[PDB]
Amino acid sequence: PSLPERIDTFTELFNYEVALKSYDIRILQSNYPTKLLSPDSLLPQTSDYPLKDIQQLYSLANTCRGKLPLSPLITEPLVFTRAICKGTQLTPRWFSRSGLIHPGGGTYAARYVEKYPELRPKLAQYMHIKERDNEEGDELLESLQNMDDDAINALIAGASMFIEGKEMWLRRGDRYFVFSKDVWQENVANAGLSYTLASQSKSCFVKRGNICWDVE
């Protein structure tokens, strides 16, 4: 049987009621916007802006005075930077409607809570998962925080499947189901498959998520 056919067989060998746990995808997406999951959100974003505007923004952040950047492209970072300077309240709705990510990398919310620590509980949901200490002991948040780049990027892409450490996540219907290796590795073998992780593969001809599939 063809490789895509064997991969279909594989997904059919699971009893989705034996999953270790599952998550509703719609709720995951509403709670964790792509930008709060992506590794690249932590890196500087200054390249998406005119250089002169970024230079003026840094001067404003560093001194709270000077000439104001004229690009319409810099409105949100300008409003944020001026708010810090002038002690202006930024509401949860402001963060929720924003682009979330500060030009310097990381989130508006994380910088705001660094200035006003009392707001950490109210604004945590607008911070990047890697900026959060999980003081709440939230199981899904902790699960997401433990994913390496290739796994979290598979999740961001809505991949049909991906390996997370020793567990496999499988999309079925409106949920992701998580299975133990006792189950999923047996099903690999019984579907007539073998696999390598994308980060380990030297040739990844048939890719799903971070999984490089081949025949057994």
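As stated in the entry header, the method of structure determination is X-ray crystallography and the reported resolution is 1.65 Å.

## Some remarks on the packing of helix α3 (residues 51-63) against helix α4 (residues 75-86)
Put simply, α3 and α4 touch, their axes get as near as 9 Å, and they point 15° apart. Overall, the two elements α3 and α4 adopt an arrangement that is roughly parallel. Seen along the crossing, α3 lies across α4 with a hand that is left-handed. Residue-level inspection shows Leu 57, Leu 60 and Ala 61 of α3 in contact with α4, the latter providing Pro 77, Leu 78, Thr 81, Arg 82 and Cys 85.

## A word on the sheet that holds strand β1 (residues 21-24)
Strands sit in the order β1-β4-β3-β2 across an open sheet of 4 strands; the sheet is antiparallel. Whereas interior strands pair on both sides, the edge strands pair on one side only; in this sheet they are β1 and β2 (161-164). The average angle at which neighbouring strand axes cross in this sheet is 20°, direction not considered. Most of the contacts of helix α1 (residues 3-12) go to strand β3 (residues 167-172), to which it runs at about 95°, and overall it touches β2 and β3. Helix-sheet contacts for helix α9 (residues 149-156) involve β2, β3 and β4 (175-179), and the interaxial angle to β2 is about 150°.

## Overview of the side chain of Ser 143
On the secondary structure map, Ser 143 appears in helix α8 (residues 139-145). Overall, the relative accessible area of 11% leaves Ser 143 in the buried class. Within the local environment of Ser 143, its side chain forms a polar contact with the side chain of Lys 21, the two groups lying 2.9 Å apart. The residues contacting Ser 143, other than those within four sequence positions of it, are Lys 21 and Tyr 23.

The rules behind the values
- Residues numbered from 1 in each chain as written, not as in the entry; some residues may be left out.
- Heavy atoms only, no water.
- Residues with missing side-chain atoms left out of burial classes, pairs and counts.
- Axes fitted to C-alpha atoms, helices over the stretch in contact; angles between N-to-C directions.
- Helix = DSSP H or I, 4+ residues; strand = E, 2+ residues; numbered from the N terminus.
- Parallel < 35°, antiparallel > 145°, perpendicular 65-115°, else oblique.
- Left-handed = near helix turned anticlockwise from the far one by under 90°.
- Contact = heavy atoms within 4.5 Å.
- Pairing = 2+ DSSP bridges.
- Buried < 20%, exposed > 50% of the residue type's maximum accessible area, 1.4 Å probe, protein only.
- Polar contact = N/O pair within 3.5 Å; in protein donor to acceptor, adjacent residues only side chain to side chain.

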